[PDB]
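Start counting the sequence shown at 45; every next residue gets the next number (the numbering used here).
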Amino acid sequence: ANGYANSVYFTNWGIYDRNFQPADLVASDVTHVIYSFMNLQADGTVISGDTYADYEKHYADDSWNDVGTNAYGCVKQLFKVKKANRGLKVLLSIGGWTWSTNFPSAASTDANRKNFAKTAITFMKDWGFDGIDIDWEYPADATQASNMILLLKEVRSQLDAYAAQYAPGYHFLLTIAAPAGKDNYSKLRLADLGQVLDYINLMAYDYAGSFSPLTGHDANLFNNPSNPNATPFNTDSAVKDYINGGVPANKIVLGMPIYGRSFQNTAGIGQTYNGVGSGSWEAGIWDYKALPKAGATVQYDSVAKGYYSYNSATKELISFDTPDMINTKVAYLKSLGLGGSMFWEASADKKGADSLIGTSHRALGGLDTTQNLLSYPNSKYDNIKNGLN
Ligand SMILES: [Zn+2]
Ligand SMILES: [Zn+2]
Ligand SMILES: [Zn+2]
Ligand SMILES: [Zn+2]
Ligand SMILES: [Zn+2]
Ligand SMILES: [Zn+2]
Ligand SMILES: [Zn+2]
């Protein structure tokens with residue numbers, strides 16, 4: 045709004061094995077935290093996928109003897125973050141890869157869309173959040189694409205009505221996560237999305253993995269015509285298609301991965317491979333903070349603009365973003381007038397100089413300082429209603 049976005053996904057399941065709590069966020073680097081994910085029913089009902097993580101878990105200073113009805117979990121922890129970081133906005137994210145199967149039904153009728161908006165906004169206002177992010181992966185045809193716009197317009201309308209009563213003058217944010225593959229984005233109502241939304245977070249990653257016939261760059265900027273098997277996708281073609289399709293450049297936030305995708309038993313990038321192997325927490329996927337691994341050296345495809353660790357002894361290649369990659373992507377996004385950087389996801393980042401999110405903050409320079417909201421007079425949680433005072 046008044047500067048670049050530097051946003052990050054915070055997953056509610058990251059509080060378990062990953063042990064990444066909201067207090068662990070380096071909040072000074074972040075303009076938006078995208079709190080992920082709420083689930084969705086076929087009738088449009090938005091629901092918590094984890095009530096413990098969301099609002100029940102007691103942290104060390106969460107009393108067992110508070111009066112009233114009170115929110116704990118990540119909700120209270122994030123409200124603390126918001127108080128201490130007035131330029132940091134928290135968005136309620138709905139859907140994702142696993143929980144998008146009910147979006148078509150949820151967007152399909154006026155009643156369902158109204159129920160979606162009301163239930164989503166109820167969580168947002170109860171939890172003390174600044175907006176809503178919709179991650180429908182992915183609208184499959186024209187009917188769904190049109191219905192997505194109808195859904196977003198309903199949420200925008202209801203947000204504005206909510207603010208007029210309970211946060212006058214505050215602009216609640218409405219965003220999406222958006223596909224970088226043309227097979228998906230060619231179905232979207234791009235011009236409508238450009239008009240109705242505050243931000244489009246481009247998922248400029250997951251270009252290559254276990255689903256690909258050869259090793260590929262996961263999040264490269266450009267095609268490599270001298271080694272095109274290494275670049276099954278590229279970000280630049282997607283960015284230009286979004287802008288030319290009617291999404292204003294300043295609303296596009298360039299997603300970047302804080303993880304690598306591994307390829308086993310291979311000679312290099314663009315080449316044959318056997319499996320993806322193990323991961324940090326799930327097969328084929330490695331936290332950036334574990335990379336590069338011991339005995340691996342980072343190489344760079346300067347045409348594609350993509351790095352990868354290589355270990356000459358084990359034949360493991362891992363495609364991942366480095367601090368230098370982030371500097372290059374920030375130079376790129378600034379050159380096209382984009383709105384900033386987005387990251388999936390917070391728990392996997394390094395701390396200090398090698399933080400991808402911190403690298404992005406420094407390369408962007410002037411971050412969005414638009415003030416968050418701390419007034420929730422209609423929250424059902426007394427502690428949120430009282431601003432934790
Ligand atoms: Zn476990
Ligand atoms: Zn309790
Ligand atoms: Zn996703
Ligand atoms: Zn507004
Ligand atoms: Zn707006
Ligand atoms: Zn995951
Ligand atoms: Zn700064």
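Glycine is no exception: its CB is placed at the ideal position from the N, C-alpha and C atoms.
Asked: Cβ of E181 versus every heavy atom of ligand 6: is any distance shorter than 7 Å?; Found: no
Asked: Within 7 Å: the Cβ of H76 and any heavy atom of ligand 5?; Found: no
Asked: At a cut of 8 Å, does the region 112 to 120 reach the region 414 to 426 through at least three beta carbon pairs?; Found: yes
Asked: Taking 8 Å as the threshold, find out whether the region 92 to 108 comes into contact with the region 148 to 161 through three or more Cβ pairs.; Found: no
Asked: Taking 7 Å as the cut-off, does the CB of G253 come closer than this to any heavy atom belonging to ligand 3?; Found: no
Asked: In this structure, does DSSP put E181 in helix, strand or coil?; Found: coil
Asked: To the nearest angstrom, how far is it from the Cα of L203 to the Cα of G383?; Found: 22 Å
Asked: Assuming contact is defined by CB atoms lying nearer than 8 Å, are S92 and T55 in contact in what I supplied?; Found: no
Asked: Just to confirm, is the Cβ distance from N416 to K124 under 8 Å?; Found: no
Asked: Rounded to whole angstroms, what's the CA-CA distance from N191 to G289? Just pull it up for me.; Found: 18 Å
Asked: Which residue from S254, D250 and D236 puts its Cα closest to that of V291?; Found: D236
Asked: Counting only the same chain and skipping the five closest in sequence on each side, list residues whose C-beta sits under 6 Å from that of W180.; Found: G139, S144 and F147
Asked: Is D412 near ligand 4, with its Cβ less than 7 Å from a heavy atom?; Found: no
Asked: When every heavy atom of ligand 3 is checked, does at least one fall within less than 7 Å of the C-beta of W325?; Found: no
Asked: Taking the beta strand (DSSP E) that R305 falls in, what are its first and last residues?; Found: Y303 to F307
Asked: Quick one: what does DSSP say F266 is sitting in, helix, strand or coil?; Found: coil
Asked: Please state whether DSSP places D345 in a helix, a strand or coil.; Found: strand
Asked: For the region 83 to 168, list the alpha helix (DSSP H) runs that are entirely contained and at least 4 residues long, ordered along the chain.; Found: 117 to 128 and 147 to 150
Asked: Roughly how many angstroms lie between the CA atoms of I193 and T89, to the nearest whole one?; Found: 18 Å
Asked: Would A128 and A71 be called neighbours here (beta carbons separated by less than 8 Å)?; Found: yes
Asked: DSSP state of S356, grouped into three classes?; Found: coil
Asked: Classify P272 as helix, strand or coil using the three-state DSSP reduction.; Found: helix
Asked: Applying the 10 Å Cβ sphere with the 16-neighbour rule, what's the burial state of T142?; Found: exposed
Asked: Could you tell me which residues DSSP puts in a beta bridge with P223?; Found: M247
Asked: So is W108 buried or exposed if we call it buried at 16+ other beta carbons inside 10 Å?; Found: exposed
Asked: Thinking C-alpha only, which one of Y53, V283 and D106 is nearest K226?; Found: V283
Asked: Within the present structure, is the beta-carbon of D242 separated from the nearest heavy atom of ligand 5 by less than 7 Å?; Found: yes
Asked: Taking one C-beta from the region 256 to 269 and one from the region 307 to 315 each time, how about it: are there three or more such pairs within less than 8 Å?; Found: yes
Asked: Closer than 7 Å between the C-beta and any heavy atom of ligand 1: which residues qualify, listed along the chain?; Found: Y60 and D61
Asked: DSSP three-state label for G238, please.; Found: helix
Asked: Please report the residue range of the beta strand (DSSP E) in which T413 lies.; Found: Unbroken run through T413: none, as it is neither H nor E.
Asked: Taking the CB atoms as reference points, tell me whether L196 and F160 lie closer together than 8 Å.; Found: no
Asked: Just verifying my parser: in three-state terms, what is the DSSP assignment at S324?; Found: coil
Asked: Could you name the residues that DSSP lists as bridge partners for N50?; Found: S385
Asked: My assumption, with CB atoms under 8 Å, is that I401 sits in contact with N50. Please give the rounded CB distance.; Found: 7 Å
Asked: Between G47, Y354 and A189, which lies nearest to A150 when the distance is taken from Cα to Cα?; Found: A189
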